[PDB]
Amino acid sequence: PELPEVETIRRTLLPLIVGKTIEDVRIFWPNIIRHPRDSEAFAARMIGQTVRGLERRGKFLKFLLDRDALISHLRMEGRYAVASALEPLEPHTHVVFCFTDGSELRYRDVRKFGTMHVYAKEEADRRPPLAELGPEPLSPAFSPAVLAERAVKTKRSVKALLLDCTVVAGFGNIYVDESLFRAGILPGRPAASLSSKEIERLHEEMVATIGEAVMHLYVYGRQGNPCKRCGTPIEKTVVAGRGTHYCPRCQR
């Protein structure tokens, strides 16, 4: 799930779990649990706590309990659902939080790439995975100034830059390729080669692109298809070790 989807999950999951108290935590794939390292400690510390809120930082959901925060990243396929403890579990359910009301928050992930970290609340923002997180892309803290400062300081591509969570929080691959196309900038361009005008323009498309989706694709996944703006076939290559799509005529 990408930032806008995580935001929808955050909004819709909260009312379904707020005020419930954890009676048990069952883990079927311990590797998902990254902190505490022992999945038995992770399970024991959460029992007895009540869910008080649910926030989002980048693509990370932050479950707020009485004493602890549970920080969860779903990666590509992770999913949460609330259902009855009386019903059989769906496939690929790796972690289940059982509440005292007979309902359960179930985490499913066919790829098992998702992660969970639990810490005393006041410690979460200063520990992994939230600690080096850059600013929300839709906040005033993510500014052209900030983006320029990071761009002129690295030898990496503009795409590698946008993909860096310390630069901006949770801006995924699809949004990076769509924003670069809307801004008219090739993804393989050295970040340091961008002009002020290009930076400002990239910043504005990033916000509109992800802003529109938080509330149809030009290039992502459209390779071999004609560009929606000019008809030239979209091209796909690998930049920053990821699938990268762009219009060769319109992006410079």
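Numbers for residues come from their place in the sequence shown, where the first is 1.
According to the entry, are there none, 1 to 3, 4 to 9, or 10 or more residues of the deposited sequence without coordinates between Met215 and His216? Per the deposited record, the segment joining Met215 and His216 lacks coordinates for 10 or more residues.
On mean C-alpha B-factor from the PDB entry, just flag whether 169-177 or 146-154 is the higher one. Mean C-alpha B-factor is greater for 146-154.
I need to verify one thing: averaged over C-alpha atoms only, is the B-factor higher for 232-240 or for 11-19? Mean CA B-factor is higher for 232-240.
Candidate residues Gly221, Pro30, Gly53, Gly48, the one whose C-alpha B factor the record puts highest: The record points to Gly221.
Sort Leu89, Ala81, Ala120, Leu133 by C-alpha B-factor from the entry and give me just the highest. The listed residue with the largest C-alpha B-factor is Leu133.
In terms of the CA temperature factor given in the entry, to which third of its chain does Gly102 belong: lowest, middle or highest? Its C-alpha B-factor, which the entry lists for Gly102, ranks in the lowest third among residues of this chain.
Within-chain third of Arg126 by Cα B-factor, per the entry: Highest third - that is where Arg126 ends up once the chain's C-alpha B-factors are sorted.
Considering only modelled residues of the same chain, in which third does the CA B-factor of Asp164 rank: lowest, middle or highest? CA B-factor rank for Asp164: middle third.
Split into thirds by Cα B-factor across the chain's modelled residues, where does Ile185 land: lowest, middle or highest? Ranked within chain, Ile185 CA B lands in the middle tercile.
Going by what the PDB entry lists, where does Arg26 fall on CA B-factor within its chain: lowest, middle or highest third? CA B-factor rank for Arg26: lowest third.
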